[PDB]
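Peer 1: Generate coordinates for the sequence data below:
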Amino acid sequence: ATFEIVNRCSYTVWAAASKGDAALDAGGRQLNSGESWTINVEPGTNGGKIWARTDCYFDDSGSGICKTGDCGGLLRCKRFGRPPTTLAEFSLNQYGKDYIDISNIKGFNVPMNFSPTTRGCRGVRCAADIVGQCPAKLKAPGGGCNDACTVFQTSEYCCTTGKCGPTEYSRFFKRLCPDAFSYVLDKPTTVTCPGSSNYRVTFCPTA
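Peer 2: Numbers count the residues shown, from 1 in each chain. Sharing the structure here:
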């Protein structure tokens with residue numbers, strides 16, 4: 001499946017694409033404002049994610065650091081990134097269907113639209129000013145708004161017992177972005193698309 005990743009933000013982002021134990025395509029690339037990066041993702045890929053990283057410095061070997069979403073210091077990510085990261089998540093060709101969603105369970109750093117470019121399903125967006133409105137205790141110095149599991153490490157925010165409810169913190173994310181997951185047991189906002197759909201992820205869809 002092809003994903004076109006477009007940076008509509010006024011600032012540079014370093015896109016990342018991983019399935020947690022391997023890079024997807026090249027794994028990451030710098031995108032200046034306006035630039036688009038087309039990747040191919042193998043059919044059947046389960047648990048893929050795409051995210052943006054902000055304020056990164058990389059050396060000639062592709063080693064360095066980013067203030068949000070850093071994936072162990074690498075330009076080309078093999079592993080998932082450090083929160084806070086707005087996530088576009090997908091599992092492809094799962095019993096004839098693709099499944100996509102946007103999640104704030106690892107916090108929020110950049111607004112995003114995740115939409116098919118082929119027919120048969122709708123896209124999802126989280127474009128609110130979550131960092132501007134972020135409760136004081138979740139603000140990340142690096143930039144971004146952390147989720148409460150990352151900050152407080154409790155069984156209730158991390159849903160570690162498989163039973164947990166919404167919280168003051170998850171309801172903040174949900175109020176601003178109803179179509180994104182706000183906690184691990186949120187009512188699912190997953191969209192089902194035809195198997196082998198193609199997609200576009202756009203950072204800063206409104207700006």
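Peer 1: show me where the chain has strands.
Peer 2: Taking DSSP state E as the criterion, the chain contains strands spanning 2-7, 13-18, 23-31, 36-40, 48-58, 64-68, 87-94, 97-103, 112-116, 124-126, 180-181, 191-194, 199-203.
Peer 1: Show residues contacting the third one.
Peer 2: Put plainly, it is strand 23-31. Strand 23-31 is contacted by residues 5-7, 12-18, 37, 39-41, 45, 48, 50, 53, 56, 71, 74-78, 203 when judged by Cβ atoms under 8 Å, 6 or more residues apart in numbering. In this view, the C-beta of every residue, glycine as well, is placed from N, C-alpha and C.
Peer 1: Save the strands of the chain as CSV, and put in mean neighbour count too.
Peer 2: CSV is the format used below for the strands of the chain (neighbours: other Cβ atoms under 10 Å):
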stretch, mean neighbour count
strand 2-7, 20
strand 13-18, 26
strand 23-31, 19
strand 36-40, 15
strand 48-58, 22
strand 64-68, 20
strand 87-94, 21
strand 97-103, 21
strand 112-116, 22
strand 124-126, 21
strand 180-181, 25
strand 191-194, 17
strand 199-203, 23
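Peer 1: can I get those strands in a markdown table with distance to residue 158?
Peer 2: Shown next, in a markdown table, are the strands of the chain (distance: least, Cβ to Cβ, whole Å):
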| stretch | distance to residue 158 |
| --- | --- |
| strand 2-7 | 29 |
| strand 13-18 | 21 |
| strand 23-31 | 26 |
| strand 36-40 | 31 |
| strand 48-58 | 18 |
| strand 64-68 | 20 |
| strand 87-94 | 16 |
| strand 97-103 | 14 |
| strand 112-116 | 23 |
| strand 124-126 | 21 |
| strand 180-181 | 14 |
| strand 191-194 | 25 |
| strand 199-203 | 26 |
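Peer 1: out of these, nearest to residue 141?
Peer 2: Closest approach to residue 141 among the strands of the chain is made by strand 64-68 (8.5 Å; Cβ to Cβ).
Peer 1: With just CA atoms, put that closest one into CSV.
Peer 2: This file holds the C-alpha atoms of strand 64-68, laid out as CSV (Å, rounded to 0.1, in the frame of the first residue of the first chain):
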residue,chain,number,x,y,z
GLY,A,64,21.2,12.6,16.9
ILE,A,65,18.2,13.6,19.0
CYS,A,66,14.6,15.1,18.6
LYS,A,67,12.6,16.9,21.3
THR,A,68,9.4,14.9,20.6
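Peer 1: now for it, which elements pack on it?
Peer 2: strand 48-58 (3 or more Cβ pairs under 8 Å, 6 or more residues apart in numbering; DSSP states H and E).
Peer 1: between the strand it packs on and strand 87-94, how many degrees?
Peer 2: With axes from the mean of the first three to the mean of the last three Cα atoms, to 10 degrees defining the directions, strand 48-58 sits at 140 degrees from strand 87-94.
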